[PDB]
Protein chains: 2
Amino acid sequence: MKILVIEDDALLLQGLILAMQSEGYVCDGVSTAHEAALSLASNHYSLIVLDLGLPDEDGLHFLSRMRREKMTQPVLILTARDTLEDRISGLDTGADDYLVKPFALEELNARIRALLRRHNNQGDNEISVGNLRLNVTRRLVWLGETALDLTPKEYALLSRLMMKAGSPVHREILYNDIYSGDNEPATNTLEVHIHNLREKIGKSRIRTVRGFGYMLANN
Amino acid sequence: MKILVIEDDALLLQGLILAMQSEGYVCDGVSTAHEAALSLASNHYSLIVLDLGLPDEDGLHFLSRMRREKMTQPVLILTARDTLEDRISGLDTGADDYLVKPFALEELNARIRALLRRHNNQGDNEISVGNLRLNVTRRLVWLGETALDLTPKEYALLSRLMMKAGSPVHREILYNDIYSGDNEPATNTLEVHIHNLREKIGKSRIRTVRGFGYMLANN
DNA sequence: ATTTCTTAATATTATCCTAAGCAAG
DNA sequence: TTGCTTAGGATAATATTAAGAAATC
Ligand code: BEF
Ligand code: BEF
Ligand SMILES: [Mg+2]
Ligand SMILES: [Mg+2]
């Protein structure tokens, strides 16, 4: 992953860079606020380590400037400004950690590791067949570029279907999926729900298997 | 929003709680790991402060297990174990931050603010949906060019709504953001608050999603 | 001293079931 | 024959009010 490091003392800068190389990340150092602005413009960084005492611009003004611009990457301020009063200012500015100089390098590597652990990991679970996009995580359904309201049961069927997509699910499975198991209606409930589901999602991407169960079209 | 605090020293434990409450979060404190274990199952916590020295089992064992079970909540270790070897170990288990005792409360509050800002928001200090502007750190909300006086609970909702905006937020979560487990109302308080909230921000920026919860509209 | 929160009785709607008269496999 | 289709009426689910307890100021 690409780490930008921002340090005005170039002696340290080469140190931080070497550490980042060594820990296994891809790294860029820059010695000033302006140069960093540039690197960020062109490159895609997974993180930013930033000193506050930069010659051209104050690090926080730089930080505040970035988030205004909707630059969202994790930032670890690594600075020599050690006041409780400062740390708060750094963290409220939108930094994701604050590490004071002097510092144990191995602390830094690990703090660095912790921010990255979450970054790569935002994976929210979707399984989709054709132009229907479904969020098992966010609960929202898309035909093309518009969205769909599915009722608790309507959603619950089309859910079970896209998990099993391509294969017929026995109808009694869906009756037990739409019910707590002790609640089974005399009339055809499942049949109505599939009709509705079909009617919105473009009937039919669910193609019916007579005498057994139901299934939906993917390939 | 709800914070779980885990502390064996009850003097501090009662202390942290008031601190957390005062910041606008609703809070649960517990004195042991096992109590913590059971609480996590029942309630939805937005962050966990976790002490290490604990009577039943060491926090790290609890943390490792949470992580093993794919518990995604941000955890801030606040411990008295300060050697650098310890600090690295916690983060590597891992915590999203590690803070040694004694500590400035105001550092803790700001670090916590930072983790939640990163978890729920893009890392952004403010959130905008439509003409709604919210400042997460100031606890302040702007509808259009005008300000909104929202009660503590009205705010805690509209906040959770805007973070998740576009995605229906499940009812059990909104409710869990507003109550400490000791205050859990028998009646339908959430339904009213949303009504009250609605009357302020207007009908209808909140679209109710039946059988699930409430959700907020952007596009 | 006044806001904010709850309680609980009543109106109200999405979603659901029901049944009847129909279309396919 | 089995499964699809429709709507008017049943049912949970959520809204509304209001005022009575709690919390803040
Ligand atoms: F110049 Be940095 F804050 F050490
Ligand atoms: F027991 Be904890 F580490 F303060
Ligand atoms: Mg410097
Ligand atoms: Mg302890």
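Cut-offs applied
Residues numbered from 1 in each chain as written, not as in the entry; some residues may be left out. Chains lettered and ligands numbered in written order. Heavy atoms only, no water. Near = heavy atom within 4 Å. Polar contact = N/O pair within 3.5 Å; in protein donor to acceptor, adjacent residues only side chain to side chain. Helix = DSSP H or I, 4+ residues; strand = E, 2+ residues; numbered from the N terminus. Nonpolar A, V, L, I, M, F, W, Y, C, P; charged D, E, K, R; others polar. Core = buried A, V, L, I, M, F, W, Y, C linked by side-chain atoms within 4.5 Å. Buried < 20%, exposed > 50% of the residue type's maximum accessible area, 1.4 Å probe, protein only. Domains from an automatic or database assignment. Contact = heavy atoms within 4.5 Å. Expected span 1.5 Å × (residues − 1). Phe/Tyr/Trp six-rings, centres within 6.5 Å; stacked < 30°, edge-to-face > 60°. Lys NZ or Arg CZ within 6 Å of the ring centre and 35° of its normal. Salt bridge = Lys/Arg side-chain N within 4 Å of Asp/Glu carboxyl O. Buried area = accessible area lost by both parts, 1.4 Å probe. Pairing = 2+ DSSP bridges. Axes fitted to C-alpha atoms, helices over the stretch in contact; angles between N-to-C directions.

A. Here's a closer look at the protein's contact with DNA strand C. With respect to spatial proximity, 24 residues lie near DNA strand C, and among them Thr151(A), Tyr179(A), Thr151(B), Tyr179(B) and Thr187(B) are the closest. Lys153(A) is positioned such that a nitrogen or oxygen atom in its backbone is 3.2 Å from a phosphate oxygen of DNA strand C. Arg210(B) places a polar side-chain atom, nitrogen or oxygen, 2.8 Å from a base oxygen of DNA strand C. Sorting elements by how many residues they give to the surface near DNA strand C places helix α8 (residues 189-200) of chain A first, with 3 residues. The residue makeup of the surface near DNA strand C, split by class, is 9 nonpolar, 10 polar and 5 charged.

B. Spotlight on the protein's contact with DNA strand D. Neighbouring DNA strand D are 23 residues, the closest being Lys203(A), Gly211(A), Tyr214(A), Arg198(B) and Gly211(B). Near the protein, within 4 Å, the atoms of DNA strand D are sugar or phosphate in 69% of cases. Between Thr208(A) and DNA strand D, the recorded distance is 3.1 Å, taken from a side-chain N or O atom to a phosphate oxygen. Contact between DNA strand D and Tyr214(B): a phosphate oxygen at 2.8 Å from a side-chain N or O atom of the residue. Contributing elements (two or more residues each) for the surface near DNA strand D: α8 of chain A together with α8 (189-201) of chain B. Tallying contributions element by element places α8(A) first for the surface near DNA strand D, with 5 residues. Tallied by class, the residues present in the surface near DNA strand D amount to 4 nonpolar, 8 polar and 11 charged.

C. Fine view of the nonpolar core. Core analysis: the biggest nonpolar cluster contains 46 residues, and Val5(B), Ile112(B), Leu158(B), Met162(B) and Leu174(B) have the highest contact counts within it. In this structure, this core is formed jointly by two domains, domain 1 (1-125) and domain 2 (126-219) of chain B, each of which donates at least three residues. Setting aside chain neighbours within four positions, we find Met162(B) in contact with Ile127(B), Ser128(B), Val129(B), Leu132(B), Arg133(B), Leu134(B) and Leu216(B). Core analysis: the second largest hydrophobic core is formed by 24 residues, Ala156(A), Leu157(A), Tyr175(A) and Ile178(A) among them.

D. Up close: helix α6 (residues 152-163) of chain B. Residue and element names in this part refer to chain B. Taking 1.5 Å of rise per residue, the 12 residues of α6 would be expected to cover 16 Å, and the 17 Å separating its terminal C-alpha atoms lies within 8% of that figure. For α6, the tally of buried residues reaches 10 of 12 residues, placing the bulk of the element in the interior. Those residues of α6 that fall on the buried side of the exposure criterion are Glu-154, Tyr-155, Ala-156, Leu-157, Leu-158, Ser-159, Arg-160, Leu-161, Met-162 and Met-163.

E. Region of the structure containing the packing of aromatic side chains. Going through the model one piece at a time under the given rule, you end up with 2 aromatic pairs over all chains. A centroid spacing of 6.0 Å and a plane angle of 20° characterise the contact between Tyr175(A) and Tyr179(A), whose relative ring orientation is stacked. Taking relative accessible area as the criterion, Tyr175(A) reaches 14% and is therefore assigned buried. Overall, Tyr179(A) belongs to the buried group, its relative accessible area being 15%. Judged by centre distance (4.9 Å) and plane angle (40°), the ring pair of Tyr175(B) and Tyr179(B) falls under tilted. When the ring centre of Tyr155(A) is taken as reference, the NZ or CZ atom of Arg139(A) above it lies at 4.8 Å.

F. Inspection of the pattern of salt bridges at higher detail. A full pass over the atoms with the stated rule returns 32 salt bridges over all chains. Put simply, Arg118(A) and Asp96(B) hold a salt bridge, and the shortest N to O gap is 2.3 Å. Here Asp96(B) lies in the loop between α4 (84-93) and β5 (97-100) and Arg118(A) lies in helix α5 (residues 105-119), a pairing that spans two chains. The partner of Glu199(B) in a salt bridge is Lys203(B), with the nearest N and O atoms 3.8 Å apart. Comparing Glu199(B) with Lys203(B) shows no difference in burial state: the two are exposed. Through salt bridges with shared partners, one network takes in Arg87(A), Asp97(A), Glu107(A), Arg111(A), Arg87(B), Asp97(B), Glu107(B) and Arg111(B).

G. Representation of the interface of chain A and chain B in the model. In this complex, chain A contributes 29 residues to the contact, which on the side of chain B involves 39 residues. For the pair chain A and chain B, the two sides together bury roughly 2,600 Å², of which 46% comes from carbon and sulfur. Viewed at the interface, chain B and chain A are joined by 9 salt bridges. Elements that contribute at least two residues to the side of chain A that touches chain B include exactly α4 (84-92), β5 (97-100) and α5 of chain A. Residue contributions to the side of chain A that touches chain B peak at 8 residues, all from α5(A). When grouped by side-chain class, the residues that make up the side of chain A that touches chain B number 11 nonpolar, 3 polar and 15 charged.

H. Highlighting the sheet that holds β5(B). Residues and elements named next belong to chain B. The strand order across the open sheet formed by 5 strands is β2-β1-β3-β4-β5, and the pairing between neighbours is parallel. The sheet terminates laterally at β2 (26-30) and β5, the two strands that pair on one side only. Within this sheet the neighbouring strands show an average axis-to-axis angle of 20°, counted without direction. Where strand β4 (residues 75-79) and β5 come together, 4 bridges link them in parallel fashion. Across the sheet, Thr-79 pairs through a bridge with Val-100, a residue of β5. Of the strands in this sheet, β1 (2-6), β3 (47-50) and β4 touch helix α3 (residues 59-68), which is tilted by about 175° from β4.

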